[PDB]
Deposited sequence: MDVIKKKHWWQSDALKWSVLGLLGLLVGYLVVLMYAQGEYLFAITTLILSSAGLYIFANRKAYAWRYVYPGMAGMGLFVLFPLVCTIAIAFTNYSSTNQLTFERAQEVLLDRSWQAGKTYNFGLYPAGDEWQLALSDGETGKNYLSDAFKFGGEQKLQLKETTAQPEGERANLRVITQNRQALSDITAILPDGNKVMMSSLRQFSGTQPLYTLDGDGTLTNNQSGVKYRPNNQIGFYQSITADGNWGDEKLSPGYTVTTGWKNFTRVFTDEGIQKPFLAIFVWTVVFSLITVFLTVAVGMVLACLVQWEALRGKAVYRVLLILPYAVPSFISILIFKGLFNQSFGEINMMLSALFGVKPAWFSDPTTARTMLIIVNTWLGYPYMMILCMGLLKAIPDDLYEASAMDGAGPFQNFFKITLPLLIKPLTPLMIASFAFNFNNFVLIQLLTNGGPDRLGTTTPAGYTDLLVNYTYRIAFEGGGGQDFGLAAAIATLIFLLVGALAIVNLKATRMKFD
């Protein structure tokens, strides 16, 4: 009966939602309350009982804001399909758009490969028992997450004082240096779970360190890393207002108009017909291009 009285206190609020005129908010809160109460009260949905808190938190954190953005894409906020027809007929940047997307996907693929490789190699090396300074080594190795990724670029620019190929190489190397410790922590955790008896057998088979790695360590780590690799690929594919100091100005690799900002990955290529609503608070168009990028990266992912 205790879980029933909690719903009423929540249920008292659902009146205030309809009182304030926010029908979508009322619908969401009533739906979530009813789902939680029924799932908890009924003994048959044990798995749903375990799932409900995380799913509800995920919903209220990402799904509702995302669908609100897609809805904003269908209104002026300054519409239905006029913004999408515009972004389809966006010929002025269409040819640069394809090439910028191609370079972005190539860059994301190479950087996720390099980051995973470096992280896994370092985690395997630190896993070694013969290594003496394991703790100091791995703490100094994770240290590159100390910077909040906002002035690491500034210090890089200070230490480096053109050549758009060099710009691309610096782009890739700074991503590797900034992102490897994530995969290294992940590979440390996933290397804790490998049984040692397989290593014993492989040693019985004459395997050296490199062969042992490539045959047992890698295939047993690449399997649980695949969803993580896909998500990290998406993160290295798209970015936002953060870690933005590389390439101060426009490198113009493929006719791209890039700011004093990093991660030109289909965001700084479009900032001005985008960003703070197309530069002139055209958040409808901004949400439209965001929906387009979401749709095509989702098509790529599957």
- [ ] Walk along the deposited sequence from position 1 and note every stretch that has no C-alpha coordinates.
- [x] 1 to 17, 96 to 258, 342 to 362, 504 to 514
